[PDB]
Amino acid sequence: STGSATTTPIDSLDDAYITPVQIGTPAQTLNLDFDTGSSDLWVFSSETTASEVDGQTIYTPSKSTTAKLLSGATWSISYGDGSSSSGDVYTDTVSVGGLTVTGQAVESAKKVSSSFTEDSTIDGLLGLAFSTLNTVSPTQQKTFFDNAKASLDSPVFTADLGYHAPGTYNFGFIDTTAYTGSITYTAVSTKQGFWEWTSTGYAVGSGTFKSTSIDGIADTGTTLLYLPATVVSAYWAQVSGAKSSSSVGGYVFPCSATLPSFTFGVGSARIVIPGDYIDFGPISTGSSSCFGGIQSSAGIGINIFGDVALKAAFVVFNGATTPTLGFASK
Ligand SMILES: c1cc(CNc2ccc3c(c2)OCCO3)ccn1
């Protein structure tokens with residue numbers, strides 16, 4: 001089997017992407033944030049504290065003839081930005097782009113943090129990291145991909161995120177029309193539960209490539225590119241007036257600037273992130289100070305190849321017995 005679904009930016013900055021997901025019988029379609037940096041599929045629901053729901057579409061398990069309470073199971077998750085959610089668990093039928101999994105754990109939120117409430121466009125998360133990170137207790141549950149993979153034509157999914165435009169998540173096949181040149185595959189460590197790999201270096205604009213190993217994660221659920229402070233300083237030094245602002249929480253730059261590209265290495269291959277991809281717009285409405293899309297990972301403890309990087313590539317998440325990652329230009 002295969003599946004193919006369009007993923008759409010939630011706003012004009014590509015702050016996140018949402019993908020429609022069918023849950024239950026009859027189908028209830030929710031728009032979920034596909035997140036290769038976590039492993040829980042959770043949704044706003046009829047169980048979510050009423051004051052914490054503000055415009056989201058909810059899953060109502062009592063209206064699904066295939067929903068079953070997973071007795072005694074609870075979940076609770078925190079993300080790197082300090083947001084969180086928790087609740088109980090159902091199993092139900094979940095379909096993405098025509099690919100169906102029966103008995104998928106659907107984690108129903110009883111509580112969500114304010115940031116979720118305040119974002120009407122995201123109805124929940126669909127985790128695509130390794131199932132070892134799943135938070136369900138006392139019986140850990142499998143991701144949608146983990147459940148689907150034996151049925152897939154090939155045990156892979158691909159992320160093809162758009163810049164200020166829709167893109168595609170495919171399951172079970174590689175669309176050879178969706179990229180240019182060849183896909184370069186690179187080793188993955190699953191030891192921390194992530195799609196963790198080592199980039200071979202970087203360049204800033206038309207500058208020379210610096211060969212250096214940068215261990216980090218491919219994370220569709222993180223907006224920005226978080227890299228070591230040395231690398232980030234070298235990038236922003238090429239933008240007149242750019243500076244790190246403790247009050248804003250990262251590098252800012254004059255909105256009048258033209259940003260240089262940023263290249264990252266995948267083996268001997270190179271992925272080029274155009275300068276425009278690194279502009280996250282005014283820090284507050286009407287400001288002439290703009291927020292940068294490349295930020296330091298120093299306070300995080302891990303480097304993160306988030307959407308800013310991934311959207312510049314066609315990315316293969318290869319879930320073979322020994323997982324690997326592939327990157328192609330597009
Ligand atoms: C997974 C989940 C989260 C939760 N926080 C979050 C999720 C989506 C967002 C977001 C914030 O802020 C910008 C809009 O999209 C953050 C990172 N990885």
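Quick note: numbers below take in every heavy atom, side chains included, and nothing from hydrogens, waters or symmetry partners. Heads up: numbering here begins at 1 and tracks the sequence.
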Participant: Are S297 and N303 close enough that a side-chain donor and a side-chain acceptor fall under 3.5 Å?
Facilitator: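 Result is yes, a qualifying pair exists.
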Participant: Pairing donors with acceptors under 3.5 angstrom, does anything connect the side chains of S247 and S245?
Facilitator: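 Yes, side-chain donor-acceptor contact under 3.5 Å.
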Participant: Check the pair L152, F173 against side chain to side chain contact (heavy atoms under 4.5 Å, CB included), reporting the backbone distance first and the verdict last.
Facilitator: CA-CA 8 Å; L152 295 177; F173 72 107; over 6 Å; no
Participant: I'd like a table of donor-acceptor pairs (distance under 3.5 Å, sequence neighbours excluded) in which one partner is a side-chain atom from residues 177-186, with atom names and distances.
Facilitator:
unit_1, atom_1, unit_2, atom_2, d
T177, OG1, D175, OD1, 2.7
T177, OG1, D175, OD2, 3.4
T180, OG1, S329, O, 3.4

Participant: Anything under 30° is parallel, anything over 60° is perpendicular, the rest tilted; go ahead and classify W195 against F317.
Facilitator: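 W195 vs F317 ring planes: perpendicular.
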Participant: Can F171 and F144 be said to form a ring pair (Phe, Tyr, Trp, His ring centres under 6.0 Å), step by step?
Facilitator: CA-CA 10 Å; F171 293 82; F144 175 81; 5.6 Å; yes
Participant: So, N318 and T324: side-chain donor and acceptor under 3.5 Å apart, yes or no?
Facilitator: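 Yes - a donor-acceptor pair under 3.5 Å links their side chains.
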Participant: Are a donor atom and an acceptor atom from the side chains of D81 and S83 found within less than 3.5 Å of each other?
Facilitator: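 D81 vs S83: donor-acceptor pair found between side chains.
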Participant: Verify the distance criterion only: is there a donor paired with an acceptor across the side chains of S287 and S289 at less than 3.5 Å?
Facilitator: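 Looking only at side-chain atoms, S289 and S287 do not form any donor-acceptor pair under 3.5 Å.
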Participant: What verdict does the side chain to side chain contact (heavy atoms under 4.5 Å, CB included) test give for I271 and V266, after you've listed the backbone C-alpha separation in whole Å, the side-chain angles of each residue and the deciding distance to 0.1 Å?
Facilitator: CA-CA 7 Å; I271 300 295; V266 181; 4.2 Å; yes
Participant: Test side chain to side chain contact (heavy atoms under 4.5 Å, CB included) on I58 and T48; report intermediate values, then the result.
Facilitator: CA-CA 9 Å; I58 63 168; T48 309; 5.5 Å; no
Participant: So if I apply the side-chain hydrogen bond (donor to acceptor under 3.5 Å, both in side chains) rule between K311 and each of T220, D160, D14, which one comes out positive?
Facilitator: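 Single side-chain hydrogen bond (donor to acceptor under 3.5 Å, both in side chains) partner of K311 among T220, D160, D14: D14.
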